[PDB]
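Enquirer: this one's a deposited entry, sequence included:
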Amino acid sequence: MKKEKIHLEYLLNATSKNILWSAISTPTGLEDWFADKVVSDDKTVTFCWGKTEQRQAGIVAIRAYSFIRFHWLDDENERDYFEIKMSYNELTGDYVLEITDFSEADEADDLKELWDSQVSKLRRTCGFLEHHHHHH
């Protein structure tokens, strides 16, 4: 009936730094692994695919890599809110990666398939292998 808030934890190896998801705050960082092209402006990110249909999303809050929040200019206040944290474990070297998503009970089954698919796979690949495929 009402969406559930879920923080999804991914274990990233000590080889990988903060720059992974800290890249999404900058144009050249984001378009390196997101969309065809990303043209930025002050406090607004403009995504450009094939010159037909280009989108904009404003930042809510951010600090280095401890947390970063994106939210659309079209979706000003409803359900399109996602944020990404990462923290450096000084006791081992590896990163704890925490993404805040909203999903219904029926959709949480998909997100838990994405949970087990990623957390088990990062171990056997030793680093990264992305399978949280583009839905919404």
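Expert: All right, it came through fine. Residues are numbered from 1 along each chain as shown.

Enquirer: and residue 99, how many neighbours?
Expert: 16 (other Cβ atoms under 10 Å). C-betas here are computed from N, CA, C, even on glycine.

Enquirer: hmm, who's touching the helix or strand it falls within?
Expert: Here residue 99 sits within strand 95-103, counting by DSSP states H and E. Residues from elsewhere that reach strand 95-103 (Cβ atoms under 8 Å, 6 or more residues apart in numbering): 3-14, 16-18, 20-21, 79, 81-89, 110-111.

Enquirer: C-terminal to that strand, what's the next element?
Expert: Heading C-terminal from strand 95-103 (DSSP H and E), you reach helix 105-125.

Enquirer: tell me which residues of that next one come out buried.
Expert: 107-108, 111, 114-115, 118, 122 (16 or more other Cβ atoms under 10 Å).

Enquirer: is it true that residue 104 touches residue 3?
Expert: Yes. Under the contact definition of Cβ atoms under 8 Å, residue 104 touches residue 3, with a separation of 5.9 Å.

Enquirer: mind checking how far stretch 53-63 is from the chain centre?
Expert: 13 Å (Cα atoms, centre = their mean, to the nearest Å).

Enquirer: put the alpha carbons of that stretch into CSV.
Expert: Taking Å, rounded to 0.1, in the frame of the first residue of the first chain, the C-alpha atoms of stretch 53-63 are listed here in CSV:
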residue,chain,number,x,y,z
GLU,A,53,14.7,14.3,-25.0
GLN,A,54,17.1,15.7,-22.3
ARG,A,55,16.3,15.5,-18.5
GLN,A,56,17.4,17.6,-15.4
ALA,A,57,17.8,16.6,-11.7
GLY,A,58,18.6,18.9,-8.8
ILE,A,59,20.8,17.8,-5.8
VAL,A,60,19.1,17.8,-2.3
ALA,A,61,22.1,17.3,-0.1
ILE,A,62,25.8,16.1,-0.4
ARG,A,63,29.1,16.0,1.6
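
Enquirer: now what about it, what contacts it?
Expert: Applying Cβ under 8 Å, 6+ apart, the set of residues contacting stretch 53-63 is 25, 43-48, 67-74, 81, 83.
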